[PDB]
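A short worksheet on the structure shown next.
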Amino acid sequence: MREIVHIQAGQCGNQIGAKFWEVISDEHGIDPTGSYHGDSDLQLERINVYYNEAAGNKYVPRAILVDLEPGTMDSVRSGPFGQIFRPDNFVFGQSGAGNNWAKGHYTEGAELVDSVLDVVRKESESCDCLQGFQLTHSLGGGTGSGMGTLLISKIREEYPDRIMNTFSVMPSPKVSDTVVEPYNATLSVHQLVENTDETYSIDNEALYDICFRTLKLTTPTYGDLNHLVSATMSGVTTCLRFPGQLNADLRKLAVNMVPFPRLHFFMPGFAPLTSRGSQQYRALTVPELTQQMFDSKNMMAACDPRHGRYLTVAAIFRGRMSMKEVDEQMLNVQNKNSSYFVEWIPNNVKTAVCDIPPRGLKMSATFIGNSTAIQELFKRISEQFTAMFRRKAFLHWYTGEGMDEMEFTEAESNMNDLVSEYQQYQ
Amino acid sequence: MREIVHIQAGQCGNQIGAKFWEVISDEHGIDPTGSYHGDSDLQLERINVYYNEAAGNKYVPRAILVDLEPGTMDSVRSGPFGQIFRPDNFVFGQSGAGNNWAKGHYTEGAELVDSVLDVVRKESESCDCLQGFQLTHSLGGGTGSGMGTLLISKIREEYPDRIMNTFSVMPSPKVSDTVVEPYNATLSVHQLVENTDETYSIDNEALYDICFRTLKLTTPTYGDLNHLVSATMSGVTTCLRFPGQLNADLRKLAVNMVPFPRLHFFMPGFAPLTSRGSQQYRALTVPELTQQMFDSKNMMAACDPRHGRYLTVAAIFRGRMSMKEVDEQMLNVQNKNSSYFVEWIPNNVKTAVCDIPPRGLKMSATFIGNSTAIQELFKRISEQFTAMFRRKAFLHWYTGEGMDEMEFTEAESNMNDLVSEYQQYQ
Amino acid sequence: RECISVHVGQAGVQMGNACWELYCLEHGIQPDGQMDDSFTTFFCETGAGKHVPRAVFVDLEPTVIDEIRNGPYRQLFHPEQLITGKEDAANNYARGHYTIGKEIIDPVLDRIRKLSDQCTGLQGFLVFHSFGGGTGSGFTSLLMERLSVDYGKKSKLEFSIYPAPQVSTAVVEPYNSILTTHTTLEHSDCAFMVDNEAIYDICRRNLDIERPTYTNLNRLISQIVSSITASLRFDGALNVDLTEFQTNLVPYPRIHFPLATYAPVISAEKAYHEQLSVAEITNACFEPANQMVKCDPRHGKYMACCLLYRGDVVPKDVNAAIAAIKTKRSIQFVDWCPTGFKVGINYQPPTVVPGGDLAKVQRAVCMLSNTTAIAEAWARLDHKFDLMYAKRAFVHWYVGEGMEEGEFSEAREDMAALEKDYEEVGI
Amino acid sequence: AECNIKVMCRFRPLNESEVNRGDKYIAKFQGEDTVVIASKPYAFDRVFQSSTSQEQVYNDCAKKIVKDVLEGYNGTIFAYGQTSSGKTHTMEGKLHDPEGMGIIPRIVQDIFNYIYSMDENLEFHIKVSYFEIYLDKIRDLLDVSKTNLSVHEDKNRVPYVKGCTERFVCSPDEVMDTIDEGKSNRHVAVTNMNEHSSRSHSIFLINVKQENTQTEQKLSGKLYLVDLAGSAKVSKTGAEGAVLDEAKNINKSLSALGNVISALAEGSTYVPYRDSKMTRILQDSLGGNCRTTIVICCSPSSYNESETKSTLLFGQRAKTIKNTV
Ligand SMILES: Nc1nc2c(ncn2[C@@H]2O[C@H](COP(=O)(O)CP(=O)(O)OP(=O)(O)O)[C@@H](O)[C@H]2O)c(=O)[nH]1
Ligand SMILES: Nc1nc2c(ncn2[C@@H]2O[C@H](COP(=O)(O)CP(=O)(O)OP(=O)(O)O)[C@@H](O)[C@H]2O)c(=O)[nH]1
Ligand SMILES: Nc1nc2c(ncn2[C@@H]2O[C@H](COP(=O)(O)OP(=O)(O)OP(=O)(O)O)[C@@H](O)[C@H]2O)c(=O)[nH]1
Ligand SMILES: Nc1ncnc2c1ncn2[C@@H]1O[C@H](COP(=O)(O)OP(=O)(O)OP(=O)(O)O)[C@@H](O)[C@H]1O
């Protein structure tokens, strides 16, 4: 019933994807070996929505790990939950892309894309009725942006009616661990803007910004950053994994958040985000959570929403709570801040709640926002691309794989178009 | 119901503010950890008027500690009741003001005032219905007078209808632990006279004068001085923290004590003030308390009231008592001393009583007086400012932060005006 | 005399789970499926010492259906009657009507046929849904159109939950409500309405529940829909039937929108202190803030009014109460219907659920009344729709399903036709 | 510099499915420029009545466009309307007959007849292309192998098709041959409203390149011939099964360009051409160096009164548009 096919592309997509199966396995109460040791019967009610049944009451995940570097799979396979994945799903190349979009899209990806399409076809026909695709990648690099965006195009050709969901991390100028980020970035959004129906814009610097102020971790690693973004992946698919008073499927989130076919780049958020040294000094009631959800500094994107206007926003709550306090908080949050909300839509908020909260927390929610402040990211990314493209810097490596410079200009044409599209509705 | 937002600015404001939460916590019966261990049910009736409810029956105080010196917060956090405060409320800078009003108001305060306005907005919207602001600062120094008076201006802009209460200690020539007191003093009263609705004028030398005669402490520290002034902070807000036969809210005290918009500088006092070696030789009946309340030497200001005339006075009693003896004492105290009371007002006294006295005392009261003798403090403070300003002494440090010398003259224009205002009604 | 019902959407099944637990405890039906002519209207006789409701919970999304199968009330409802789909409507009028709607009506429409053939005294139909969603908008108009062309003459008691003026759960609910009302304006005989923040206001002031949930909201809604059909179940001094709601409330075939309210709403500790008679509750239901819809009745004029009482209510003091309402000039009736009062009484009193929020009362009342006050809500819904329609907001999802821009214009002008009818009839 | 897009209208006679139902002839004409429907005038450039034959429509609408596209500018003509409105018969008709043939053979014949009238030194290089946008894929009909082509940008950022079969043609009879085999491969489905229901948008290009040997001046003009499908209601057509998927992709396109005309009419900032890929083809026609002429088709029956009123006001929004010619 409404299965979701997971596909982990790129290095970062494998990390957050590995953490995604980790955090939800504790919610369903699945051992790392694959056997069930939970407590609730509702965990088995919708275990098939992500997993597949097998002999001995073992549940293998419907994960397809793809990467052009075999060392990444060795780290994921040797992890805590690395043994639960299927060995057949671990398809991979031998030579890395080396942070080149042309290699992972034309030459290095084309030899492997024939091998992955037969694998995802197995997981697609084996299910009862597939709903969509939950993909994880990074706009930087070559294997994430090149090969990850390639199979988005092929899956659009084969399954044009299904939902194409993407949890994509993207670069920024303050934190940049790669020189070829704007070239890889502008080439990836050309495919995401046309093919995919929904995308979550996650900025890496905001993952560090949120851990200083609210969580105040003194020694944060990448695993801590994967924990908070993977919670958002669990929040979006909570309504169909457990029952609730007001269920909202991933398609039900799409129609409320995607007012136009191109304006589907969202801005995720999550709460409660509180340190252990300040957990006792906080009330779990919803008004203290609602002010944290719509906070300018709480979200995992560096774009300040006060510099623009929200096109449409969704909040999927979790846990047993009172609906009047939930619904009335959505009223005062938007009318008091009417300047930060478009007047040509009467109600920008979408509500949803579930009866089964995460383990260890009684009250929680996930913030999903499509705002016009995201064009600031497209502004700085476009200027970094135009600054390096205007003298043809770092393009001769791309031409070696048969790539034309006009495609960079066509990607540049798409960049200012979607920028001007967000500027139309502000 | 009628919440009060506490904000501790400056070094001395943090000390008396820390003592303020200490003395009232024993009245409400709150542990330093945050749990309740009292005896009466009325303590929980109005615990929300200062505290916020949390999980595990824990009550965090609605205190916002602000200071430009991080060493002060380490002493307050490591105190007896330092662990009950919220860690998020501990906002602070790194570099001290160094006793400069311009630094804490224009440059050093402006970088932090953006950080504190979002914190007080959280405590303001989280409450049911805010009543006012209970602030503590010192007219001396830079962080108390500069940054503390700055946010008074910003809160007046955001909340012009709410009450702005200030318990402000001020300098004197006999006891002066700082060279830049009159410059910091005259700049602070320019903001307090225009923005705030009510202010308590506390003189530091009178805190020492009262401890010799009545209390006769042989080794008094600053903590002993904080105890007697913090009792006055509990007396002003007793009517809404516990029930009484004649309740007087902080706004009900304002209209009786503030006959004109500028004449709101009060003169606090407290009784019983008796040593342990003379407690048995005193009667707790109200006539022995009333003569101590209106005594010239009992108050915590060095201005002698016999040299002027009382504009208006208020006395908020505490404990179960007889109203006839209370009311009749207010009659003979004013008619026998008609020279020390204005003839153009028929009744200068305001009465109030509560049924729940402090712990360890059965009878008590707080003296609140607006008298024309306070101009003597403005006289000596103005002469010290004019003596140093007439040759531009100690002004070049203020000009480094972009401050103009005309603002010192404008502050000097306000000084003689409010001095002449008190002289009009004497 | 019998009647069948179908529940659509999360709003329907949540009221379906809440109303059938009320119907079973009234007739002494234990939740295990077993315990004379009182339960025959809704419940059947399954051979010997066993019953089954005349209910079919239909929904495209399967989370609510299997929860009822794994819920506490497993043995009451038939396992086959609990129909489940394959893919959610996803908040779209078109998706629950054409793609997912067409492939599931065939199991559903033939079921209500043969489920009615075993019956003999089928008085009509009553549905439960909400036009704020997709399955409640598209699939509901499809089935109601599919049975109206077959039966036609039988009644249809619609119970839709409209969005509030400022509170709202979705963002595209004007598009969902404006399209489904284009088909409901002509086929539906009558349609009672419920609101979101209004019913919250009932439990906030009178019932003092500062933290309610949808489970509490559906209980008092179950009291409303159970009290209107209480005349046919139990014996009454003045028995009324489901056909009375068509004759006495619908002055014109395209003005078929009554309001809904209920009284007395009172808590346990407050029930013993407050006096219970017909005079105080007769003034409570006509109180404007005591309605289930944010709408001022003083602005409009009541076209018709119906009253249905329960418990030990004699016909003397109830007639004196309504006579005081006639001379009270706080509200004004329209000149086109001076004697716009339909009184009813049933002997069986209002029950109470074990552990419920409502208290036990010896009498109750529920008022359904047509009025011209609801034109401003259609003006409000039509006004906000023009803001989004001018920018073509959220349109690419509907045309991606198979529709076009034309029927959006038909949905706009059809509601525009309703406003000119409401201001004309309100003269 | 700026030329207004010519908006013309055409009504047809009642077909067999409408006269037996008993629909009333609501089409009321007032002169040539304006038409009255339900006591509402709708001003246009030229309204064609039901008695207008195939040759009469061609000489009035697309006669000067043959001269404009050969002068050096571009050209584009397309038909908007509902199913059974007469869009296929207007453009396609019956090609092998002299009278019953539509516009697209008449466009071909006028180009070659004009070349024979010109002097010999003007060398013409005409290449034809023909594809269709079906199930959100640009399937080529000249070759059956490839089913999806890409749309890339040229030197001046004007989008156009790449990889399509550009057949170089010499004689006019060969252009008639490739049109006939192309229409034979067209996926034409059957429904209740029209047996010959074109369920997609057939784009036919005639890229006329010309250059003079004496002056050495090269000129080119893109001549787009688009024949779109009908915005029909599912309740009227009674669509079920595979035809529902065909209805989705066509309705996305006509709604997408409907946003373009409303965006261009009201004068938006962004002008979202990139909603649907069908709208990407028509960028140069509506906001390029082209001379566009929209010819809306409608039925005079009372049964299609709602969709036809939407088509007329859609035409009124098209009148306020201007090209960057
Ligand atoms: N929040 C996290 N971010 C990560 C993590 N690992 C990498 N990154 C960030 O994502 C950026 C690029 O993503 P990747 O590491 O996956 C580069 P990729 O594997 O796709 O290409 P190649 O390794 O060259 O084959 C990278 O520069 C980091 O800023 C991680 O574990 N957690
Ligand atoms: N009654 C009390 N008075 C105090 C106490 N501490 C200081 N003071 C008096 O207040 C005077 C100035 O107040 P502060 O100590 O707070 C100087 P401030 O912290 O505002 O500026 P900086 O320390 O330079 O950043 C000071 O000279 C004392 O006369 C105290 O604990 N109790
Ligand atoms: N009063 C009340 N309203 C409800 C309840 N459950 C759902 N609703 C209403 O249903 C509306 C949402 O539309 P639904 O038809 O339920 O949507 P859905 O069931 O989530 O399915 P999708 O539309 O596909 O997302 C909300 O605006 C609610 O007002 C309920 O238990 N009580
Ligand atoms: N102007 C006209 N005069 C006479 N007959 C016409 C006219 N227009 C259309 N017809 C008749 O209609 C028939 C088919 O109509 P047609 O296929 O053109 O409908 P359509 O609306 O163009 O379909 P589609 O929705 O596929 O575009 C033709 O065979 C022809 O006889």
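To match Swiss-Prot, the residue numbers of chain C are left as they are there, and the shown ones run 2-36, 46-437.
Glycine too: its Cβ is placed from the backbone N, Cα and C atoms.
Listed in Swiss-Prot for this protein:
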type	residues	note
BINDING	C:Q11, C:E71, C:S140, C:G144, C:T145, C:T179, C:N206, C:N228	GTP binding site
MOD_RES	C:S48	phosphoserine
BINDING	C:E71	Mg(2+) binding site
MOD_RES	C:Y83	3'-nitrotyrosine
ACT_SITE	C:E254	active site
MOD_RES	C:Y432	phosphotyrosine
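All protein chains considered, the CB of C:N228 (GTP binding site) has 21 other CB atoms within 10 Å. Other Cβ atoms within 10 Å of the Cβ of the residue listed as 'phosphotyrosine' number 20 in total over all chains. When the Cα atoms are compared, C:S140 (GTP binding site) and C:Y83 (3'-nitrotyrosine) turn out to be 23 Å apart.
With a 10 A radius on its CB, C:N206 (GTP binding site) counts 24 other CB atoms from all the protein chains. Proximity to chain A, defined as a CB-CB distance below 8 A, holds for C:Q11, C:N206 out of the recorded positions C:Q11, C:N206, C:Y432. When the neighbouring Cβ atoms lying within 10 Å are counted for each of the recorded positions (C:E71, C:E254), the highest count belongs to C:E71.
Of all Cβ atoms in the shown protein chains, 31 besides its own fall within 10 Å of the Cβ of C:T145 (GTP binding site).
Same-chain residues at least 6 positions away in sequence with a Cβ under 8 Å from that of C:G144 (GTP binding site) are, in sequence order, C:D98, C:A99, C:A100, C:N101, C:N102, C:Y103, C:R105, C:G106, C:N186. Whole-number maximum of the Cα to Cα distances across the GTP-binding residues C:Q11, C:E71, C:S140, C:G144, C:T145, C:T179, C:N206, C:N228: 22 angstrom. The recorded positions in question are C:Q11, C:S48, C:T179, and the one with the fewest Cβ neighbours inside 10 Å is C:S48.
For C:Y83 (3'-nitrotyrosine), the same-chain residues 6+ apart in sequence whose C-beta sits under 8 angstroms from its C-beta are C:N18, C:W21, C:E22, C:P32. Checking the recorded positions C:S48, C:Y83, C:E254, C:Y432 against ligand 3 with a 6 Å cutoff on the Cβ atom leaves no residue at all.
Counting only the Cα atoms, the space from C:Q11 (GTP binding site) to the residue listed as 'active site' is about 29 angstrom. For C:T145 (GTP binding site) paired with C:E254 (active site), the C-alpha to C-alpha distance reads 29 Å.
Among the recorded positions listed here, namely C:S48, C:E254, C:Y432, C:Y432 has its C-alpha nearest to that of C:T179 (GTP binding site).
Nearest Cα neighbour of C:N206 (GTP binding site) among the listed recorded positions (C:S48, C:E254, C:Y432): C:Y432.
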